[PDB]
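# Observations on chain architecture
Each chain is listed here by its residues.
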Amino acid sequence: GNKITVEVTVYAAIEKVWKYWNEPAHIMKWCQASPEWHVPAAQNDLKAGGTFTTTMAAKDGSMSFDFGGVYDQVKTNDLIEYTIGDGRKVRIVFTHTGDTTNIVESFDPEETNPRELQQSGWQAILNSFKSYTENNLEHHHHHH
């Protein structure tokens, strides 16, 4: 129920996405991936016992917030997680069938807010990745 889980199929070498998914400059390009939000600055240091800070606010500047925490453990192509001030639990498990990488991330929803709205939210942004790859137009492929 509350253990909302989402997944996305990405066609790229684990080593390639790892760099992109960790590169801060890249995130600042599609951060939130919504026009009702912007990223005037962001910071991230991939390292154990290290901390990060992401500055983001609504375009109208009506709402403002900053995400920060500390990495409990970091291992190349294995598991990435961090402790959130709110005490929530977020873990990103890296797995690949063979010729396609699968990113899995669980989220801890609040009791006050309805799960349905936020559930579709995480899935919505994830869908954008699929649409991006569709840019292949021809999408031609040999056999497989």
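Residues numbered from 1 in each chain as written, not as in the entry; some residues may be left out. Heavy atoms only, no water.

Per the deposited record, the coordinates in this entry were obtained by solution NMR.

## Notes on the nonpolar core
In terms of nonpolar packing, the biggest core is built from 11 residues, these being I4, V6, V8, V10, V17, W18, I80, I92, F94, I103 and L126. For this core, the elements supplying multiple residues, two or more each, are β1 (4-10), α1 (14-22) and β6 (89-96). Counting residues per element, this core draws most heavily on β1, at 4 residues. The residues contacting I4, other than those within four sequence positions of it, are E105, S106, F107, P109, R115, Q118 and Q119. (Core = buried A, V, L, I, M, F, W, Y, C linked by side-chain atoms within 4.5 Å. Buried < 20%, exposed > 50% of the residue type's maximum accessible area, 1.4 Å probe, protein only. Helix = DSSP H or I, 4+ residues; strand = E, 2+ residues; numbered from the N terminus. Contact = heavy atoms within 4.5 Å.)

## Quick notes on the pairing of strand β3 (residues 51-57)
Along β3, the buried face is formed by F52, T54 and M56; none of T51, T53, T55 and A57, which line the opposite face, is buried. Two strands pair when backbone bridges link them, and strand β2 (residues 38-43) and β3 are joined in this way by 4 bridges, in the antiparallel orientation. Bridge assignment links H38 to a residue of β3, and that residue is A57. Bridge count for β3 against strand β4 (residues 64-75) is 7 bridges, and the pairing is antiparallel. Each residue of the ladder has a partner; that of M56, found in β4, is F65. Count of turn residues in the β3/β4 antiparallel hairpin: 6 residues, of which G61 carries a positive phi of about 70 degrees. (Pairing = 2+ DSSP bridges.)

## Let's talk about the sheet that holds β6
The strand order across the open sheet built from 7 strands is β1-β7-β6-β5-β4-β3-β2, with neighbouring strands paired in antiparallel fashion. Of all strands in the sheet, those with a lone pairing partner are β1 and β2, marking the two edges. The sheet shows a mean angle of 20 degrees between the axes of neighbouring strands, taken without regard to direction. With respect to the sheet, α1 is in contact with β4, β5 (79-84), β6 and β7 (101-107), its orientation differing from that of β6 by roughly 155 degrees. The strands that helix α3 (residues 115-133) touches are β1 and β7; relative to β1, the one it contacts most, it runs at about 10 degrees. (Axes fitted to C-alpha atoms, helices over the stretch in contact; angles between N-to-C directions.)

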